[PDB]
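Novice: To start, I am sharing the structure in question, which I have written as structure tokens.
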Amino acid sequence: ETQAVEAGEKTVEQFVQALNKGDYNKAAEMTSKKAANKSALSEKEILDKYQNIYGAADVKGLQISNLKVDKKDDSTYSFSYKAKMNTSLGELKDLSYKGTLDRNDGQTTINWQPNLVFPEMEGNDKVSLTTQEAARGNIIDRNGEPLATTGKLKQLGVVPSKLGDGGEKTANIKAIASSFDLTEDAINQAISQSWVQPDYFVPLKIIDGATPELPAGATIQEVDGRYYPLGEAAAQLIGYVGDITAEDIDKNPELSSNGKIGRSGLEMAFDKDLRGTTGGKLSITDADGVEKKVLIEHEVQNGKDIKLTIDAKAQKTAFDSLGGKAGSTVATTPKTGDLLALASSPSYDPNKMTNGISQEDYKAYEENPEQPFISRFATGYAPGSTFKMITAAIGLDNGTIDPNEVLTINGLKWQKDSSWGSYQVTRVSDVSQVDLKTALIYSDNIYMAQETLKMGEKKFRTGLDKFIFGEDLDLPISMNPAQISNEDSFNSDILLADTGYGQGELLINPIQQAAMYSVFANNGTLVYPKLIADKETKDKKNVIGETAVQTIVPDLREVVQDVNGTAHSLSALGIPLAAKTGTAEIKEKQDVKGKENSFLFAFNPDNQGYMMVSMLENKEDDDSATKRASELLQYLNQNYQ
């Protein structure tokens, strides 16, 4: 009565555990034989009852508490416990379970009864589950424009029997293939799948424009589905939803087995808020079917909408400016941190992705060497020689850099001494007398490499540690925190120099760059970027000195205005611009000739209304981020004072 009671507790807890893990056969084998006052059913019948009832409600995570096991008759021990469980209609807490045990020999079993499924069940009671699917919420831009909405799509499809028998059949398939830009080897593959039967409607494509003339056999049906109005222009950011699988349900029963789940992007980061909660009722009924006890009931709650800082027209312009090349553009209002645009190129079609895509088209996306699935605004890159602004600011702050001191630089290559071997810092322009303003105008890496070595590692890192290296940004976008280098020390003069002009082991993604560069639009205050419109603005003060800002920004205007400035083509706009260009040389491995990245930074130095950071990954020859920025810069200048 204390070594047997302790054995009865072990039997109840093993029973609960087998139910928890879904091994219902294992749980049934711990029950008494079928009899009156023993178990109400056989083992195989208990298995089928748990499998049907717990399967229908998608029960998961059966947990108990407050277990008490006493003695009743001479061979009968009684038990009781509280229990909760997760179902497809939410958590079901505070369930009072009750039963009796049986020690008929060396083992102790459970006198199984229907009230060990649900507490009130008895005899031939049934369980009914009725569910109502929730509408997915919308994703909208800073002005209410839809980015991810629920639209009424037009689905083209064919009926095999209404195509024809022969000759007439082939003529209609040829007509359909030409009227809707479809392959006729693919249309015949569609209508010949195992699941097709002659009278069925075989869907082919979602037509987006106005419906052309419909040949025989083809018809249009309106269906509901997720719709992305910006398409490729916001695919990496928004993401896409796909069909929900059996495994998705086993992980989270509060999903709708009938609905859609976010697979990437914001659709997946905000899946909980966007999907709502399933409505309905879980009830116990009589042997006939008359309701007896409602276990769970609540109405459907539709998904909450989500409002972004994105500007839909800026997002589209930024993306199109990249012209399909590999690259990324970030646009902010640097005083508040509002992310106006997060473009990444090349891209994929999220409408094709959610409306059923072929194995070929999906493999084309994954085998594409420019990798359209990458979110380039969230990938760490070396920031390039744009980063000289930061090193300059640090150098002005700690007095290492005299704006008027003029270094003498001879040629296009430079190294500290012969211990560097064959390695030399390279510049593009052979300017003999280089002060800071000259270095920013011509993008002179040798100048800044020399100033970084003179500054030294300790003072250089002191300045860098005032930024956001190592910080996890509060953003619903998966990223890694920017780093200065791999370890906490450079342990190399060459690495120290390379870091000075934005190379080395630096890793900063375009969003983290726009955050760091925002110091020039806020007098040395770093303003953290913000993607959800209702969030409060966060900032970090005294990152660089106000003096450094008022020295460097006038030079950044000259990068545009001076006839030899590297961004001088932007002067055609005729608007107040401060800019900085950049390059970075990377070891490509596959083409060991070399891969080069092109960068542009630009903001309005009069009103600080907008800021832009654009990159061209593995650029083609005679191509740059600067020659693609005019259109986005005009737009941001007109609409964000």
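A note on labels: chains of the structure tokens are A, B, ... as shown, every chain counts residues from 1, and ligands are counted from 1 in their shown order.
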So that I can see what lies close to residue 466 in chain A, please list as a ChimeraX atom specification the residues with an atom at most 9 Å from it, counting only C-alpha atoms and leaving out residues fewer than 5 positions away in the same chain.
Specialist: /A:461,540,542-544
Novice: As a PDB file with N, CA and C atoms, in the first residue's frame, which residues of range 94-313 of chain A does DSSP assign to alpha helix (DSSP H)?
Specialist:
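Final output, states.pdb:
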```pdb
ATOM      1  N   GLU A 168      -9.381  17.061 -84.220  1.00  0.00           N
ATOM      2  CA  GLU A 168     -10.056  18.158 -83.532  1.00  0.00           C
ATOM      3  C   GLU A 168      -9.462  18.383 -82.144  1.00  0.00           C
ATOM      4  N   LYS A 169      -9.040  17.307 -81.471  1.00  0.00           N
ATOM      5  CA  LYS A 169      -8.384  17.449 -80.174  1.00  0.00           C
ATOM      6  C   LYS A 169      -7.050  18.175 -80.312  1.00  0.00           C
ATOM      7  N   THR A 170      -6.203  17.726 -81.242  1.00  0.00           N
ATOM      8  CA  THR A 170      -4.888  18.342 -81.410  1.00  0.00           C
ATOM      9  C   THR A 170      -4.996  19.795 -81.859  1.00  0.00           C
ATOM     10  N   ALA A 171      -6.030  20.130 -82.638  1.00  0.00           N
ATOM     11  CA  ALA A 171      -6.194  21.500 -83.116  1.00  0.00           C
ATOM     12  C   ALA A 171      -6.575  22.442 -81.982  1.00  0.00           C
ATOM     13  N   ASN A 172      -7.384  21.962 -81.034  1.00  0.00           N
ATOM     14  CA  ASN A 172      -7.768  22.795 -79.899  1.00  0.00           C
ATOM     15  C   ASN A 172      -6.602  22.997 -78.939  1.00  0.00           C
ATOM     16  N   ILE A 173      -5.819  21.942 -78.692  1.00  0.00           N
ATOM     17  CA  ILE A 173      -4.645  22.071 -77.829  1.00  0.00           C
ATOM     18  C   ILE A 173      -3.652  23.064 -78.423  1.00  0.00           C
ATOM     19  N   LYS A 174      -3.471  23.028 -79.747  1.00  0.00           N
ATOM     20  CA  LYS A 174      -2.623  24.018 -80.404  1.00  0.00           C
ATOM     21  C   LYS A 174      -3.207  25.421 -80.265  1.00  0.00           C
ATOM     22  N   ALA A 175      -4.536  25.545 -80.324  1.00  0.00           N
ATOM     23  CA  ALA A 175      -5.157  26.855 -80.148  1.00  0.00           C
ATOM     24  C   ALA A 175      -4.956  27.374 -78.731  1.00  0.00           C
ATOM     25  N   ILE A 176      -5.112  26.501 -77.734  1.00  0.00           N
ATOM     26  CA  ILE A 176      -4.928  26.909 -76.346  1.00  0.00           C
ATOM     27  C   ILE A 176      -3.482  27.304 -76.095  1.00  0.00           C
ATOM     28  N   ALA A 177      -2.537  26.533 -76.639  1.00  0.00           N
ATOM     29  CA  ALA A 177      -1.125  26.794 -76.379  1.00  0.00           C
ATOM     30  C   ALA A 177      -0.690  28.153 -76.917  1.00  0.00           C
ATOM     31  N   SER A 178      -1.302  28.612 -78.014  1.00  0.00           N
ATOM     32  CA  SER A 178      -0.950  29.894 -78.616  1.00  0.00           C
ATOM     33  C   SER A 178      -1.724  31.066 -78.026  1.00  0.00           C
ATOM     34  N   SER A 179      -2.934  30.830 -77.520  1.00  0.00           N
ATOM     35  CA  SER A 179      -3.740  31.903 -76.952  1.00  0.00           C
ATOM     36  C   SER A 179      -3.362  32.241 -75.513  1.00  0.00           C
ATOM     37  N   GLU A 184       2.409  23.068 -75.649  1.00  0.00           N
ATOM     38  CA  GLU A 184       1.457  22.003 -75.944  1.00  0.00           C
ATOM     39  C   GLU A 184       1.986  20.622 -75.573  1.00  0.00           C
ATOM     40  N   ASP A 185       3.294  20.477 -75.352  1.00  0.00           N
ATOM     41  CA  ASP A 185       3.790  19.235 -74.769  1.00  0.00           C
ATOM     42  C   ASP A 185       3.500  19.170 -73.273  1.00  0.00           C
ATOM     43  N   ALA A 186       3.261  20.324 -72.641  1.00  0.00           N
ATOM     44  CA  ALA A 186       2.912  20.412 -71.228  1.00  0.00           C
ATOM     45  C   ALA A 186       1.412  20.305 -70.987  1.00  0.00           C
ATOM     46  N   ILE A 187       0.601  20.815 -71.916  1.00  0.00           N
ATOM     47  CA  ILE A 187      -0.847  20.661 -71.820  1.00  0.00           C
ATOM     48  C   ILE A 187      -1.240  19.194 -71.938  1.00  0.00           C
ATOM     49  N   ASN A 188      -0.618  18.456 -72.859  1.00  0.00           N
ATOM     50  CA  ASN A 188      -0.939  17.037 -72.967  1.00  0.00           C
ATOM     51  C   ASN A 188      -0.397  16.254 -71.782  1.00  0.00           C
ATOM     52  N   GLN A 189       0.707  16.713 -71.186  1.00  0.00           N
ATOM     53  CA  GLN A 189       1.192  16.073 -69.969  1.00  0.00           C
ATOM     54  C   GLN A 189       0.250  16.330 -68.797  1.00  0.00           C
ATOM     55  N   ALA A 190      -0.380  17.509 -68.765  1.00  0.00           N
ATOM     56  CA  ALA A 190      -1.320  17.837 -67.698  1.00  0.00           C
ATOM     57  C   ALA A 190      -2.552  16.943 -67.748  1.00  0.00           C
ATOM     58  N   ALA A 235       9.432  39.817 -53.715  1.00  0.00           N
ATOM     59  CA  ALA A 235       9.337  38.394 -53.396  1.00  0.00           C
ATOM     60  C   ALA A 235      10.205  38.007 -52.198  1.00  0.00           C
ATOM     61  N   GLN A 236      11.462  38.465 -52.155  1.00  0.00           N
ATOM     62  CA  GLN A 236      12.337  38.062 -51.053  1.00  0.00           C
ATOM     63  C   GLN A 236      11.837  38.608 -49.726  1.00  0.00           C
ATOM     64  N   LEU A 237      11.330  39.841 -49.730  1.00  0.00           N
ATOM     65  CA  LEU A 237      10.859  40.454 -48.495  1.00  0.00           C
ATOM     66  C   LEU A 237       9.549  39.828 -48.040  1.00  0.00           C
ATOM     67  N   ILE A 238       8.524  39.877 -48.895  1.00  0.00           N
ATOM     68  CA  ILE A 238       7.206  39.380 -48.510  1.00  0.00           C
ATOM     69  C   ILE A 238       7.246  37.875 -48.290  1.00  0.00           C
ATOM     70  N   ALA A 246       0.688  17.332 -43.690  1.00  0.00           N
ATOM     71  CA  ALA A 246       0.416  16.582 -42.472  1.00  0.00           C
ATOM     72  C   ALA A 246       1.467  16.870 -41.405  1.00  0.00           C
ATOM     73  N   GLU A 247       2.729  17.054 -41.814  1.00  0.00           N
ATOM     74  CA  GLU A 247       3.782  17.311 -40.833  1.00  0.00           C
ATOM     75  C   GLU A 247       3.652  18.699 -40.220  1.00  0.00           C
ATOM     76  N   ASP A 248       3.226  19.693 -41.006  1.00  0.00           N
ATOM     77  CA  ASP A 248       2.963  21.014 -40.437  1.00  0.00           C
ATOM     78  C   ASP A 248       1.942  20.929 -39.305  1.00  0.00           C
ATOM     79  N   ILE A 249       0.908  20.094 -39.477  1.00  0.00           N
ATOM     80  CA  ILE A 249      -0.140  19.938 -38.470  1.00  0.00           C
ATOM     81  C   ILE A 249       0.391  19.227 -37.225  1.00  0.00           C
ATOM     82  N   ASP A 250       1.223  18.198 -37.404  1.00  0.00           N
ATOM     83  CA  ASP A 250       1.765  17.495 -36.245  1.00  0.00           C
ATOM     84  C   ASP A 250       2.622  18.419 -35.389  1.00  0.00           C
ATOM     85  N   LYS A 251       3.230  19.437 -36.003  1.00  0.00           N
ATOM     86  CA  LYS A 251       4.043  20.387 -35.254  1.00  0.00           C
ATOM     87  C   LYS A 251       3.182  21.427 -34.544  1.00  0.00           C
ATOM     88  N   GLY A 265      10.028  34.607 -45.928  1.00  0.00           N
ATOM     89  CA  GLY A 265       9.763  36.027 -45.929  1.00  0.00           C
ATOM     90  C   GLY A 265       8.927  36.445 -44.739  1.00  0.00           C
ATOM     91  N   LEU A 266       8.228  37.572 -44.912  1.00  0.00           N
ATOM     92  CA  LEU A 266       7.339  38.069 -43.868  1.00  0.00           C
ATOM     93  C   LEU A 266       6.099  37.196 -43.706  1.00  0.00           C
ATOM     94  N   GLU A 267       5.633  36.553 -44.786  1.00  0.00           N
ATOM     95  CA  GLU A 267       4.526  35.607 -44.662  1.00  0.00           C
ATOM     96  C   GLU A 267       4.831  34.530 -43.636  1.00  0.00           C
ATOM     97  N   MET A 268       6.106  34.180 -43.471  1.00  0.00           N
ATOM     98  CA  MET A 268       6.474  33.151 -42.512  1.00  0.00           C
ATOM     99  C   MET A 268       6.858  33.745 -41.169  1.00  0.00           C
ATOM    100  N   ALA A 269       7.414  34.955 -41.181  1.00  0.00           N
ATOM    101  CA  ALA A 269       7.805  35.592 -39.931  1.00  0.00           C
ATOM    102  C   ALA A 269       6.586  36.052 -39.149  1.00  0.00           C
ATOM    103  N   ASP A 271       3.455  34.598 -39.564  1.00  0.00           N
ATOM    104  CA  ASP A 271       2.433  33.601 -39.870  1.00  0.00           C
ATOM    105  C   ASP A 271       1.356  33.563 -38.787  1.00  0.00           C
ATOM    106  N   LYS A 272       1.763  33.575 -37.510  1.00  0.00           N
ATOM    107  CA  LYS A 272       0.811  33.524 -36.399  1.00  0.00           C
ATOM    108  C   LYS A 272      -0.211  34.655 -36.482  1.00  0.00           C
ATOM    109  N   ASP A 273       0.261  35.899 -36.605  1.00  0.00           N
ATOM    110  CA  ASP A 273      -0.660  37.031 -36.620  1.00  0.00           C
ATOM    111  C   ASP A 273      -1.503  37.054 -37.881  1.00  0.00           C
ATOM    112  N   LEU A 274      -0.945  36.588 -38.996  1.00  0.00           N
ATOM    113  CA  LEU A 274      -1.612  36.712 -40.284  1.00  0.00           C
ATOM    114  C   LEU A 274      -2.661  35.637 -40.499  1.00  0.00           C
ATOM    115  N   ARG A 275      -2.521  34.482 -39.837  1.00  0.00           N
ATOM    116  CA  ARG A 275      -3.383  33.336 -40.110  1.00  0.00           C
ATOM    117  C   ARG A 275      -4.644  33.299 -39.260  1.00  0.00           C
ATOM    118  N   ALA A 312       5.380  51.276 -51.749  1.00  0.00           N
ATOM    119  CA  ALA A 312       5.225  50.326 -52.847  1.00  0.00           C
ATOM    120  C   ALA A 312       5.839  50.854 -54.138  1.00  0.00           C
ATOM    121  N   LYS A 313       5.755  52.168 -54.386  1.00  0.00           N
ATOM    122  CA  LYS A 313       6.331  52.684 -55.627  1.00  0.00           C
ATOM    123  C   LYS A 313       7.854  52.750 -55.549  1.00  0.00           C
TER     124      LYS A 313
END
```
Novice: Mind pulling up the distance from CA of residue 89 in chain A to CA of residue 296 in chain A?
Specialist: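 Those two atoms sit 6.9 Å apart.
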Novice: Given only C-alpha atoms, how would the per-residue table for range 96-182 of chain A near range 258-263 of chain A read, listing every residue at most 12 Å away with its closest atom pair and distance in Å to one decimal, sorted by chain and number, as a Markdown table?
Specialist:
```
| residue | atom | partner | partner_atom | distance |
| --- | --- | --- | --- | --- |
| A:131 | CA | A:258 | CA | 10.3 |
| A:132 | CA | A:258 | CA | 10.0 |
| A:133 | CA | A:259 | CA | 7.4 |
| A:134 | CA | A:259 | CA | 8.5 |
| A:135 | CA | A:259 | CA | 9.1 |
| A:136 | CA | A:260 | CA | 8.5 |
| A:137 | CA | A:260 | CA | 11.7 |
| A:148 | CA | A:262 | CA | 11.3 |
| A:150 | CA | A:260 | CA | 11.6 |
```
Novice: Write a file of the selected residues as a PDB file, in the first residue's frame, keeping N, CA and C atoms.
Specialist:
```
ATOM      1  N   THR A 131     -15.101  22.823 -37.605  1.00  0.00           N
ATOM      2  CA  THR A 131     -14.099  23.873 -37.718  1.00  0.00           C
ATOM      3  C   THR A 131     -14.477  24.847 -38.824  1.00  0.00           C
ATOM      4  N   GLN A 132     -14.043  26.089 -38.648  1.00  0.00           N
ATOM      5  CA  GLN A 132     -14.275  27.159 -39.606  1.00  0.00           C
ATOM      6  C   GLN A 132     -12.941  27.849 -39.860  1.00  0.00           C
ATOM      7  N   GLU A 133     -12.481  27.788 -41.110  1.00  0.00           N
ATOM      8  CA  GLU A 133     -11.171  28.299 -41.492  1.00  0.00           C
ATOM      9  C   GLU A 133     -11.136  29.825 -41.396  1.00  0.00           C
ATOM     10  N   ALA A 134     -10.006  30.366 -40.949  1.00  0.00           N
ATOM     11  CA  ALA A 134      -9.851  31.807 -40.793  1.00  0.00           C
ATOM     12  C   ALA A 134      -9.224  32.418 -42.039  1.00  0.00           C
ATOM     13  N   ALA A 135      -9.676  33.624 -42.387  1.00  0.00           N
ATOM     14  CA  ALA A 135      -9.115  34.365 -43.512  1.00  0.00           C
ATOM     15  C   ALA A 135      -7.756  34.946 -43.138  1.00  0.00           C
ATOM     16  N   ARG A 136      -6.766  34.768 -44.015  1.00  0.00           N
ATOM     17  CA  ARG A 136      -5.436  35.303 -43.751  1.00  0.00           C
ATOM     18  C   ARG A 136      -5.422  36.824 -43.896  1.00  0.00           C
ATOM     19  N   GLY A 137      -4.757  37.489 -42.954  1.00  0.00           N
ATOM     20  CA  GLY A 137      -4.653  38.935 -42.980  1.00  0.00           C
ATOM     21  C   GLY A 137      -3.768  39.443 -44.107  1.00  0.00           C
ATOM     22  N   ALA A 148       0.622  41.874 -49.860  1.00  0.00           N
ATOM     23  CA  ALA A 148       0.156  40.490 -49.829  1.00  0.00           C
ATOM     24  C   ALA A 148      -1.314  40.543 -49.437  1.00  0.00           C
ATOM     25  N   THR A 150      -5.601  38.896 -50.360  1.00  0.00           N
ATOM     26  CA  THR A 150      -6.382  37.729 -50.768  1.00  0.00           C
ATOM     27  C   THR A 150      -7.277  38.154 -51.924  1.00  0.00           C
TER      28      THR A 150
END
```
Novice: Apply DSSP to the structure's backbone, then extract all residues of range 223-415 of chain A labelled strand (DSSP E) and return them as a ChimeraX atom specification.
Specialist: /A:223-227,241-243,260-262,279-285,291-298,306-307,327-333,338-345,407-408,413-414
Novice: Go ahead and save the residues from that selection, with C-alpha atoms, as a PDB file, in the first residue's frame.
Specialist:
```pdb
ATOM      1  CA  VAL A 223     -10.923  30.848 -57.320  1.00  0.00           C
ATOM      2  CA  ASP A 224      -9.697  32.508 -54.156  1.00  0.00           C
ATOM      3  CA  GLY A 225      -6.004  32.668 -53.432  1.00  0.00           C
ATOM      4  CA  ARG A 226      -3.173  34.718 -52.033  1.00  0.00           C
ATOM      5  CA  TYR A 227      -2.089  37.456 -54.452  1.00  0.00           C
ATOM      6  CA  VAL A 241       2.559  30.777 -48.678  1.00  0.00           C
ATOM      7  CA  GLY A 242       2.204  27.111 -49.571  1.00  0.00           C
ATOM      8  CA  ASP A 243      -0.163  24.238 -48.891  1.00  0.00           C
ATOM      9  CA  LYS A 260      -1.939  27.983 -46.241  1.00  0.00           C
ATOM     10  CA  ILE A 261       1.273  28.493 -44.272  1.00  0.00           C
ATOM     11  CA  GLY A 262       3.973  31.096 -44.824  1.00  0.00           C
ATOM     12  CA  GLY A 279     -13.251  28.771 -35.138  1.00  0.00           C
ATOM     13  CA  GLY A 280     -15.635  25.956 -34.293  1.00  0.00           C
ATOM     14  CA  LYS A 281     -16.778  23.528 -31.614  1.00  0.00           C
ATOM     15  CA  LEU A 282     -15.519  20.271 -30.092  1.00  0.00           C
ATOM     16  CA  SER A 283     -18.351  18.418 -28.366  1.00  0.00           C
ATOM     17  CA  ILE A 284     -19.387  15.079 -26.890  1.00  0.00           C
ATOM     18  CA  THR A 285     -22.680  13.572 -28.081  1.00  0.00           C
ATOM     19  CA  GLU A 291     -25.066  17.061 -27.989  1.00  0.00           C
ATOM     20  CA  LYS A 292     -24.190  16.426 -24.327  1.00  0.00           C
ATOM     21  CA  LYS A 293     -21.035  18.414 -23.425  1.00  0.00           C
ATOM     22  CA  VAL A 294     -19.164  21.198 -25.258  1.00  0.00           C
ATOM     23  CA  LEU A 295     -15.428  20.877 -24.577  1.00  0.00           C
ATOM     24  CA  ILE A 296     -14.157  23.796 -26.680  1.00  0.00           C
ATOM     25  CA  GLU A 297     -16.013  26.406 -28.667  1.00  0.00           C
ATOM     26  CA  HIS A 298     -15.259  29.891 -29.998  1.00  0.00           C
ATOM     27  CA  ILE A 306       0.286  44.169 -40.944  1.00  0.00           C
ATOM     28  CA  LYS A 307       1.399  47.651 -42.021  1.00  0.00           C
ATOM     29  CA  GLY A 327      22.305  43.238 -56.358  1.00  0.00           C
ATOM     30  CA  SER A 328      20.231  44.919 -53.673  1.00  0.00           C
ATOM     31  CA  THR A 329      18.937  48.372 -52.771  1.00  0.00           C
ATOM     32  CA  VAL A 330      17.907  49.691 -49.342  1.00  0.00           C
ATOM     33  CA  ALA A 331      16.121  53.044 -48.978  1.00  0.00           C
ATOM     34  CA  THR A 332      15.337  54.675 -45.626  1.00  0.00           C
ATOM     35  CA  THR A 333      14.138  57.906 -44.087  1.00  0.00           C
ATOM     36  CA  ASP A 338      11.620  53.757 -41.833  1.00  0.00           C
ATOM     37  CA  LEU A 339      12.694  51.152 -44.381  1.00  0.00           C
ATOM     38  CA  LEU A 340      11.129  52.489 -47.588  1.00  0.00           C
ATOM     39  CA  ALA A 341      12.510  49.828 -49.931  1.00  0.00           C
ATOM     40  CA  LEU A 342      14.185  46.419 -49.557  1.00  0.00           C
ATOM     41  CA  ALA A 343      14.883  45.184 -53.081  1.00  0.00           C
ATOM     42  CA  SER A 344      16.859  42.091 -53.994  1.00  0.00           C
ATOM     43  CA  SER A 345      17.757  40.908 -57.493  1.00  0.00           C
ATOM     44  CA  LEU A 407      49.919  62.670 -47.992  1.00  0.00           C
ATOM     45  CA  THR A 408      52.164  62.086 -50.989  1.00  0.00           C
ATOM     46  CA  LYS A 413      50.038  50.419 -55.532  1.00  0.00           C
ATOM     47  CA  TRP A 414      51.358  50.798 -51.993  1.00  0.00           C
TER      48      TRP A 414
END
```
Novice: Let me make sure I understand: among A:304, A:98, A:427, A:162, which one has the smallest atom-to-atom distance to residue 78 in chain A if we use only C-alpha atoms?
Specialist: A:98
Novice: Using only C-alpha atoms, can you tell me which of A:239, A:411, A:106, A:253 comes closest to residue 270 in chain A?
Specialist: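 Looking only at the distances to residue 270 in chain A, the closest residue turns out to be A:239.
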Novice: Just want the 10 Å neighbourhood of residue 415 in chain A, counted on only C-alpha atoms, with same-chain residues fewer than 3 positions away dropped. Output as a ChimeraX atom specification.
Specialist: /A:418-426,446,449-450,494,497
Novice: For the residues in the current selection, export N, CA, C and O atoms as a PDB file, in the first residue's frame.
Specialist:
```pdb
ATOM      1  N   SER A 418      58.443  45.700 -47.029  1.00  0.00           N
ATOM      2  CA  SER A 418      58.618  44.457 -47.775  1.00  0.00           C
ATOM      3  C   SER A 418      58.078  43.228 -47.051  1.00  0.00           C
ATOM      4  O   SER A 418      58.017  42.155 -47.662  1.00  0.00           O
ATOM      5  N   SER A 419      57.687  43.345 -45.778  1.00  0.00           N
ATOM      6  CA  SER A 419      57.138  42.191 -45.071  1.00  0.00           C
ATOM      7  C   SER A 419      55.758  41.801 -45.586  1.00  0.00           C
ATOM      8  O   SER A 419      55.298  40.688 -45.304  1.00  0.00           O
ATOM      9  N   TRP A 420      55.089  42.692 -46.322  1.00  0.00           N
ATOM     10  CA  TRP A 420      53.823  42.373 -46.967  1.00  0.00           C
ATOM     11  C   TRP A 420      53.990  41.492 -48.193  1.00  0.00           C
ATOM     12  O   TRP A 420      52.984  41.018 -48.735  1.00  0.00           O
ATOM     13  N   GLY A 421      55.220  41.276 -48.645  1.00  0.00           N
ATOM     14  CA  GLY A 421      55.424  40.409 -49.791  1.00  0.00           C
ATOM     15  C   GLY A 421      54.865  41.039 -51.045  1.00  0.00           C
ATOM     16  O   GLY A 421      55.087  42.222 -51.320  1.00  0.00           O
ATOM     17  N   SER A 422      54.120  40.252 -51.816  1.00  0.00           N
ATOM     18  CA  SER A 422      53.584  40.717 -53.087  1.00  0.00           C
ATOM     19  C   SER A 422      52.256  41.456 -52.944  1.00  0.00           C
ATOM     20  O   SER A 422      51.677  41.851 -53.962  1.00  0.00           O
ATOM     21  N   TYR A 423      51.768  41.665 -51.719  1.00  0.00           N
ATOM     22  CA  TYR A 423      50.483  42.318 -51.515  1.00  0.00           C
ATOM     23  C   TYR A 423      50.628  43.831 -51.397  1.00  0.00           C
ATOM     24  O   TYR A 423      51.479  44.330 -50.658  1.00  0.00           O
ATOM     25  N   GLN A 424      49.756  44.552 -52.098  1.00  0.00           N
ATOM     26  CA  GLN A 424      49.766  46.006 -52.091  1.00  0.00           C
ATOM     27  C   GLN A 424      48.349  46.550 -52.165  1.00  0.00           C
ATOM     28  O   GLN A 424      47.528  46.066 -52.948  1.00  0.00           O
ATOM     29  N   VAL A 425      48.077  47.572 -51.351  1.00  0.00           N
ATOM     30  CA  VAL A 425      46.830  48.315 -51.466  1.00  0.00           C
ATOM     31  C   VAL A 425      46.812  49.042 -52.805  1.00  0.00           C
ATOM     32  O   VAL A 425      47.822  49.615 -53.236  1.00  0.00           O
ATOM     33  N   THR A 426      45.668  49.011 -53.481  1.00  0.00           N
ATOM     34  CA  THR A 426      45.533  49.531 -54.835  1.00  0.00           C
ATOM     35  C   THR A 426      44.558  50.698 -54.861  1.00  0.00           C
ATOM     36  O   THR A 426      43.558  50.695 -54.136  1.00  0.00           O
ATOM     37  N   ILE A 446      44.497  53.899 -50.930  1.00  0.00           N
ATOM     38  CA  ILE A 446      45.835  53.988 -50.350  1.00  0.00           C
ATOM     39  C   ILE A 446      45.872  55.041 -49.254  1.00  0.00           C
ATOM     40  O   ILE A 446      46.455  54.817 -48.185  1.00  0.00           O
ATOM     41  N   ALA A 449      44.084  53.420 -46.242  1.00  0.00           N
ATOM     42  CA  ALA A 449      44.909  52.356 -45.676  1.00  0.00           C
ATOM     43  C   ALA A 449      46.031  52.931 -44.821  1.00  0.00           C
ATOM     44  O   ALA A 449      46.309  52.428 -43.728  1.00  0.00           O
ATOM     45  N   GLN A 450      46.675  53.998 -45.299  1.00  0.00           N
ATOM     46  CA  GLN A 450      47.764  54.608 -44.543  1.00  0.00           C
ATOM     47  C   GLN A 450      47.267  55.246 -43.257  1.00  0.00           C
ATOM     48  O   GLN A 450      47.923  55.139 -42.212  1.00  0.00           O
ATOM     49  N   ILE A 494      48.157  43.953 -42.547  1.00  0.00           N
ATOM     50  CA  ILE A 494      47.439  43.912 -43.817  1.00  0.00           C
ATOM     51  C   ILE A 494      45.935  43.865 -43.579  1.00  0.00           C
ATOM     52  O   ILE A 494      45.164  44.581 -44.229  1.00  0.00           O
ATOM     53  N   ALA A 497      44.766  47.327 -42.426  1.00  0.00           N
ATOM     54  CA  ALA A 497      44.650  48.248 -43.552  1.00  0.00           C
ATOM     55  C   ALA A 497      43.421  47.936 -44.399  1.00  0.00           C
ATOM     56  O   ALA A 497      42.653  48.838 -44.755  1.00  0.00           O
TER      57      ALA A 497
END
```
Novice: I'd like the contact shell of residue 80 in chain A - 8 Å cut-off, only C-alpha atoms, skipping same-chain residues fewer than 3 positions apart - returned as a VMD selection string.
Specialist: chain A and resid 66 to 69 96 to 99
Novice: Near residue 94 in chain A, counting only C-alpha atoms, which residues have an atom at most 7 Å away, once you skip same-chain residues fewer than 2 positions from it, shown as a short mmCIF file (atom, residue, chain, number, x, y, z; two decimals) with N, CA and C atoms, in the first residue's frame?
Specialist:
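Full text of around_7.cif as output:
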```
data_model
loop_
_atom_site.label_atom_id
_atom_site.label_comp_id
_atom_site.auth_asym_id
_atom_site.auth_seq_id
_atom_site.Cartn_x
_atom_site.Cartn_y
_atom_site.Cartn_z
N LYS A 82 -5.38 15.89 -12.74
CA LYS A 82 -5.69 16.97 -13.66
C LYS A 82 -4.87 16.80 -14.93
N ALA A 83 -5.40 17.30 -16.04
CA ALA A 83 -4.72 17.13 -17.32
C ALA A 83 -5.11 18.26 -18.26
N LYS A 84 -4.19 18.60 -19.15
CA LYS A 84 -4.44 19.52 -20.24
C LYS A 84 -3.89 18.91 -21.53
N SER A 96 -10.58 16.93 -15.33
CA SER A 96 -10.54 16.06 -14.15
C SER A 96 -10.76 14.62 -14.59
#
```
Novice: Counting only C-alpha atoms, give me one row per residue of range 415-506 of chain A with an atom at most 12 Å from an atom of range 594-600 of chain A, showing the shortest contact pair and its distance in Å to one decimal, sorted by chain then residue number, as CSV.
Specialist:
```
residue,atom,partner,partner_atom,distance
A:443,CA,A:599,CA,11.7
A:502,CA,A:599,CA,11.1
A:503,CA,A:597,CA,11.1
```
